[PDB]
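Presented below is the structure to which this report refers.
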Amino acid sequence: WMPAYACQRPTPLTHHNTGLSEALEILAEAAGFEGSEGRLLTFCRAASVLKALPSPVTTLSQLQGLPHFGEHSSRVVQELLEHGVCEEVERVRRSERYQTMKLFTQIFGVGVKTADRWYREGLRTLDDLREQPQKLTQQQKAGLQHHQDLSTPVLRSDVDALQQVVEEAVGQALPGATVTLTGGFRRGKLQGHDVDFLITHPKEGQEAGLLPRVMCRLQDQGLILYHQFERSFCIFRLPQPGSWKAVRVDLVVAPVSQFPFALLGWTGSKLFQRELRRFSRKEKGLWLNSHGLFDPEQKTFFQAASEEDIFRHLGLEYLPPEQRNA
DNA sequence: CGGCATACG
DNA sequence: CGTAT
DNA sequence: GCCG
Ligand SMILES: [Mn+2]
Ligand SMILES: [Mn+2]
Ligand SMILES: [Mn+2]
Ligand SMILES: [Mn+2]
Ligand SMILES: [Mn+2]
Ligand SMILES: [Mn+2]
Ligand SMILES: [Mn+2]
Ligand code: NA
């Protein structure tokens with residue numbers, strides 16, 4: 001009926017159970033804030049199952065037989081179906097712990113562990129953090145300074161402009177190098193939190209050394225508000241009407257031999273890639289990452305020329321990016 | 001009961 | 001520890 | 001939290 005792994009089923013960007021999945025993703029997020037990766041995963045997977053359904057869930061019986069729905073996620077849905085709200089979800093929403101961990105972890109440079117420590121120290125607001133900047137990393141100082149712009153959704157119109165400037169710098173750093181839009185925008189999102197790009201070159205090995213050359217050129221054009229190799233987590237200065245705004249941009253380089261694996265990995269979703277790697281290992285005995293796919297019996301790597309190759313080597317029906325919105 | 005994706009900066 | 005999908 |  002409904003397969004158990006998210007990589008076994010199309011998941012479109014918009015769907016027929018938005019309210020139910022949003023509620024389960026609250027509980028998933030809260031689990032993460034408490035360090036319960038297992039519960040986070042189950043709530044994420046249950047949410048994604050609903051995203052993959054062809055019509056709205058209207059009755060509790062429609063959950064029977066759906067993978068990843070047990071006592072807890074079913075009770076959440078039952079309450080939403082009966083009352084329009086789930087008391088547990090609402091308790092989380094308005095809890096000081098949830099609101100503060102959400103606020104802190106959304107800072108670039110701050111993870112659950114840092115947020116939790118700050119919470120235990122009594123800190124609650126961004127200005128609480130600004131008062132004692134001696135305890136911040138440079139990365140967190142950047143995330144905090146730019147927090148307001150970074151909280152503003154990036155639009156598809158912003159993306160085309162950014163891509164043009166990235167290509168200009170990439171073309172100077174290495175003629176022939178290519179830039180591919182990845183992440184959520186490649187899955188069809190109309191807005192996002194950041195922009196993800198994958199860079200390669202058709203001649204294996206020519207991409208070596210490329211990212212520092214790209215970064216130096218962007219920085220010389222005055223476009224880099226912050227940066228820290230093959231992955232660069234930047235804050236770009238993006239022109240705006242009569243001004244500009246800070247935007248998070250990720251630049252990644254891969255040799256062309258690895259490009260299909262890095263495209264697949266950086267196109268996501270996060271849950272899709274976790275499920276795909278889990279499927280690969282547990283069902284097929286193969287080890288998948290954004291560099292390659294390894295058979296640990298033969299001790300060999302699978303050559304891929306396309307994402308389609310990778311799906312085929314895993315025995316999965318091909319899913320375009322717009323159906324990977326798990 | 002063990003497992004829960006797998007990297008890089 | 002942070003970051004990424 | 002759920003699965004196999
Ligand atoms: Mn429970
Ligand atoms: Mn009731
Ligand atoms: Mn992204
Ligand atoms: Mn990103
Ligand atoms: Mn590498
Ligand atoms: Mn256990
Ligand atoms: Mn993301
Ligand atoms: Na963060």
Side-chain angles (χ1 to χ4, degrees), chain A residues 3-7 24 27-28 30-32 34-49 63 65-76 88 104-118 136-137 139-143 150 180-187 189 192-198 211-212 215 226 229-235 248-254 258 261-283 286-294 307 321 324-326:
Chain A
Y5 293 82
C7 57
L24 293 155
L27 303 186
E34 303 315 307
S36 307
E37 267 299 298
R39 301 175 73 250
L40 175 148
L41 268 179
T42 284
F43 287 129
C44 284
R45 294 165 178 161
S48 189
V49 164
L63 296 182
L66 290 187
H68 304 294
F69 276 87
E71 178 165 19
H72 200 142
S73 304
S74 297
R75 187 250 300 153
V76 174
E88 183 185 6
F104 286 173
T105 59
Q106 282 176 187
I107 303 168
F108 178 67
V110 178
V112 173
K113 271 156 192 154
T114 300
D116 177 66
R117 176 170 60 77
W118 291 348
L136 299 178
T137 64
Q139 189 180 55
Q140 292 163 350
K141 284 179 179 160
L150 298 191
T180 299
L181 176 65
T182 66
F185 289 103
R186 188 169 175 245
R187 304 198 305 279
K189 292 186 75 184
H193 303 115
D194 91 319
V195 193
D196 302 293
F197 292 112
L198 179 55
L211 200 47
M215 293 309 308
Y226 168 92
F229 54 114
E230 66 203 41
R231 299 171 184 190
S232 172
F233 317 120
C234 313
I235 302 175
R248 277 277 295 105
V249 181
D250 290 335
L251 302 182
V252 182
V253 172
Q258 298 175 8
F261 302 95
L263 185 57
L264 180 60
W266 282 85
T267 295
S269 69
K270 171 175 174 176
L271 182 63
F272 192 93
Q273 295 306 310
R274 296 175 77 156
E275 292 275 291
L276 183 70
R277 293 166 188 200
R278 190 169 62 97
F279 176 88
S280 180
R281 180 179 282 270
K282 307 299 186 178
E283 305 302 328
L286 308 170
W287 301 348
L288 178 64
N289 64 22
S290 69
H291 298 88
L293 177 63
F294 183 74
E307 294 183 315
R324 303 180 201 162
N325 287 292

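Quick note: numbers below take in every heavy atom, side chains included, and nothing from hydrogens, waters or symmetry partners. Just so we're on the same page: letters track the sequence lines, and every chain starts at 1.
Which of C:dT5, D:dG1, B:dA7 sits closest to the side chain of A:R231 comes down to B:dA7. Side-chain atoms of A:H291 lie closest to B:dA7 of the nucleotides D:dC2, B:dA7, C:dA4. In this structure, the nucleotide among B:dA5, D:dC2, B:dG9 sitting nearest to the side chain of A:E71 is D:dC2. Nearest nucleotide to the side chain of A:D250, out of C:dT5, B:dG9, B:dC4: C:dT5. Comparing C:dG2, B:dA7, D:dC3 against the side chain of A:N289 picks out B:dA7 as the nearest. The side chain of A:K113 has C:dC1 as its nearest neighbour among D:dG1, C:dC1, B:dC8. Closest to the side chain of A:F233, from the set B:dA5, C:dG2, D:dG4, is C:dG2. Listed nucleotides C:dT3, D:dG1, B:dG9 differ in distance to A:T42; the shortest reach to its side chain belongs to D:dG1.
Not one side-chain nitrogen or oxygen of A:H68 sits closer than 4.0 Å to the OP1 or OP2 atom of D:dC2. One finds a side-chain N or O of A:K282 lying less than 4.0 angstrom from the OP1 or OP2 phosphate oxygen of B:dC4. Remark: A:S280 is not in phosphate contact with B:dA5, judged by side-chain N or O atoms under 4.0 Å from OP1 or OP2.
The shortest distance between side-chain heavy atoms of A:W266 and A:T180 does not fall below 4.5 Å. Side-chain atoms of A:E275 and A:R45, non-hydrogen and from C-beta on, do get closer than 4.5 Å to each other.
Per the geometry, CD belonging to A:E37 stands 10 Å off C1' belonging to B:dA5, to the nearest Å.
In terms of polar N and O atoms assigned as donor or acceptor, the side chain of A:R277 comes within less than 3.5 Å of the base of B:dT6 in a complementary pairing. Not a single donor-acceptor pair, N or O on each side, falls under 3.5 Å between the base of B:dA5 and the side chain of A:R281.
Backbone-only contact: A:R278 has heavy atoms under 4.0 Å from sugar-phosphate atoms and none from a base. A:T267 comes within 4.0 angstrom of sugar-phosphate atoms only, judged by non-hydrogen atoms across all strands, and of no base. If you check every strand for non-hydrogen atoms under 4.0 Å, A:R187 touches sugar and phosphate atoms only. A:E230 comes within 4.0 angstrom of the backbone, heavy atoms only, and of no base. The residue A:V252 sits apart from the nucleic acid: no heavy atom pair falls under 4.0 Å. Note on A:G111: only backbone sugar-phosphate atoms sit closer than 4.0 angstrom, heavy atoms only; bases stay farther off. At a threshold of 4.0 angstrom between heavy atoms, the contacts of A:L288 are confined to the sugar-phosphate backbone, with no base atom among them. As judged by a 4.0 angstrom heavy-atom cut-off over every strand, A:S73 is placed among residues touching the sugar-phosphate backbone only. Using a 4.0 Å heavy-atom cutoff across all strands shown, A:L211 reaches no nucleic acid atom at all.
The separation of D:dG1 from B:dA7, taken at their P atoms, amounts to 29 Å, rounded to a whole angstrom.
Within 6.0 Å of the NE2 atom in A:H72, the count of heavy atoms belonging to other residues, nucleotides or ligands exceeds 12.
Using a 4.0 Å cut-off between charged nitrogen and carboxylate oxygen, A:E88 and A:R75 count as a salt-bridge pair.
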